[PDB]
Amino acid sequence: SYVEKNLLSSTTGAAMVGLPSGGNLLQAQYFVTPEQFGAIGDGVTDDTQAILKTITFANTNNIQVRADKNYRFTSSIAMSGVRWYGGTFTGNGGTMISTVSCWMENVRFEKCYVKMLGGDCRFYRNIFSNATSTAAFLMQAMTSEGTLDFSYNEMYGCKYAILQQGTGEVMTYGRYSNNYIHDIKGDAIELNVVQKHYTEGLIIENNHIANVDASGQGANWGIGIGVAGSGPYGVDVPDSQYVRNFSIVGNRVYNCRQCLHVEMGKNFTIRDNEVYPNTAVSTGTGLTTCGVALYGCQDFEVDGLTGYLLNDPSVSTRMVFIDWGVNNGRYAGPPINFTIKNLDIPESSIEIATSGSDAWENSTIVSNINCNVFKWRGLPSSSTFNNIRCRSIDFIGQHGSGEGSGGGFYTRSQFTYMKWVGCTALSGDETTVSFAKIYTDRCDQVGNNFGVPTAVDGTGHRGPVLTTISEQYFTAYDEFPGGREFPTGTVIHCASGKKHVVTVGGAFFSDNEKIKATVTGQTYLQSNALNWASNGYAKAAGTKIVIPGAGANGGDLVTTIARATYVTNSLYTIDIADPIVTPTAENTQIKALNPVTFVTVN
């Protein structure tokens, strides 16, 4: 009347054991484990065949796998339809596990990698550690269309972490969110030639990436997050060559040679990312150091960016780099129809190369920027520049050969529009801007601390020649205000009713100016003739001046007034931004860099 030794060991033996529910143990087997198929789980014993039987059994009976041990395996394993919770797989270094419609949580993939081959796959709260394959999580040549949620995983110690190659069946939708990827030697997330994919959306969001160092590795290795469509680049190539409708939002990329990269992307947004590039990592892989690098892209925004470069600024300050593509050594595919905005990168610089044509429109917006150098090439059909705080401007509109990517390639004889509102180029006391070849038919400009010159490409080609009057002042006195630069066209209205019109932009310094002798290294000047605390002979900080003979080897010294008139040692004094190089003798003149001409009415 007792249970037999046999039968209890049979495939129905658990049916003999009662449980508090009133059912039996056989009814409690909601899973299988690899140990039930012979796995040792010691991380050393070869468990490959045990794993294969588990997968076969789970597929055939549609039963989830539970595991907690460490399964050493030595050759490829194919999985289809499996739900797997827990455990560690330990490959040879780069051994492959393929998944079709697989759901995996709390798994550690040690010294191996997962290759997704199709279906609806889901990966949560896993660890991918120490892979020596090209990628730790690979999407390539899928045999059926896929969707993917790849979220809250941690990946480290590998080469590429997440890599997609766009051959095969399409991924229609993918979310890559809240992963933690660190201490790797390839890209953290690279989606290569995926223009056909992600029709219903690609979203790469809230990933935290740290220490991407591809030193000594292959070409292009070491990008933080990268998305690539298909060449050839070109302003008019078909929409189907581009990766479209995707977003890269809220990620953090620390200590990486090139944090964010897109080429041949269209209709996309790069929003609120935080990046810390470093010239010193991924040595030899050929990447241009920066936070955001975009090539040949159209119809996109960069909206919100923070961080700074970790290397010394003398090596690089490049943070935003928006450029043409290249086909076989020839530039092609200017970026067009884009918005750069809300960047908070005061230490770091922006470089943009675009274009404009009669054959297609290009409308650009740059807005709400805090940066270091703002460097720009190209003349869109319309370009607006609003609330840019920068430390210098390096700007050429219709740039020619030798003046930047695609110089000379396109021109636009039709209506060309530009606007500059509320911008500030200022570093300490210096306002440092350079503008050229702005062949605009209309240019509105207000609220800037500088004037923007526009140019004419052949007589009559941009309408009547006009100068926008951006500054007008009132003085309670009649004498022209000295020592302060005014652009051409500036009007001064006097309380008496007189008015001055500036016909050659510049500043007034009397021909009777005399300064005290100077010595090398001196950063102030003192008056030996005129009253610099009068309005007519005043000295305004920010004004560019020339001190004859005071520069290197007796050249003229061009400098900036750093502090306006004050009295010390009973003399009128100003400070200059650059020290005297060659000493000057008593009663040397000082002059404006740009001497004003004005006319007076009444």
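Residue positions are given as counts along the sequence shown, with the first one as 1.
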On mean Cα temperature factor in this entry, is 374-382 or 126-134 the higher one?
126-134
Would you mind comparing 149-157 and 257-265 for me and telling me which has the higher average C-alpha temperature factor in the entry?
149-157
Among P548, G536, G542, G43, which residue carries the highest C-alpha B-factor recorded in the PDB entry?
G43
Highest CA B factor of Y477, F89, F338, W420, as deposited, is found at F89
Considering only modelled residues of the same chain, in which third does the CA B-factor of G497 rank: lowest, middle or highest?
middle
Within-chain third of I590 by Cα B-factor, per the entry
middle
Taking the chain's C-alpha temperature factors as the reference, tell me which third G406 falls into: lowest, middle or highest.
middle
According to the PDB entry, is the CA B factor of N251 in the bottom, middle or top third of its chain, that is, lowest, middle or highest?
middle
Among modelled residues of the same chain, the CA temperature factor third for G218:
highest
